[PDB]
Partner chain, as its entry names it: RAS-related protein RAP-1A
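The chain below stands alone and is given in structure tokens; this is the form deposited without its partner chain.
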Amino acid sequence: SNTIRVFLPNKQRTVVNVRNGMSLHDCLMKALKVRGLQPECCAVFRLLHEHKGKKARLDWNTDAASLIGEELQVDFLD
């Protein structure tokens, strides 16, 4: 794929495309930028497509191109 979803911590959702020069932070700093959020104070995750009770936690420089074709979330930080 080349698309992934971003669910907000305010329970929202949206779809984003991954380009060259992405990285989680800069790739979500698209998303949240649009939304009016900041990612610096949050933790981003990929959703539990093979887990229960736990989202798959990612890096703020994560290769979203490896989470490509999935659903992501953002939550509180650490």
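Positions refer to the first chain, counted from 1.
Form solved in complex with its partner chain: not shown, discussed below.
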* To do: With heavy atoms only and a cut-off of 4.5 Å, decide whether residue 23 touches its partner chain in the entry with it bound.
  => no
* Classify residue 66 as contacting or not contacting its partner chain in the entry with it bound by the rule of any non-hydrogen atom within 4.5 angstroms, answering yes or no. => no
* To do: Considering only heavy atoms, tell me if residue 43 and its partner chain come within 4.5 Å of each other in the entry with it bound.
  => no
* Does its partner chain get within 4.5 angstroms of any non-hydrogen atom of residue 16 in the entry with it bound? -> yes
* Heavy atom within 4.5 Å of its partner chain in the entry with it bound: which residues of 1-34 qualify? -> 3, 5, 10, 11, 12, 13, 14, 15, 16, 17, 30, 33, 34
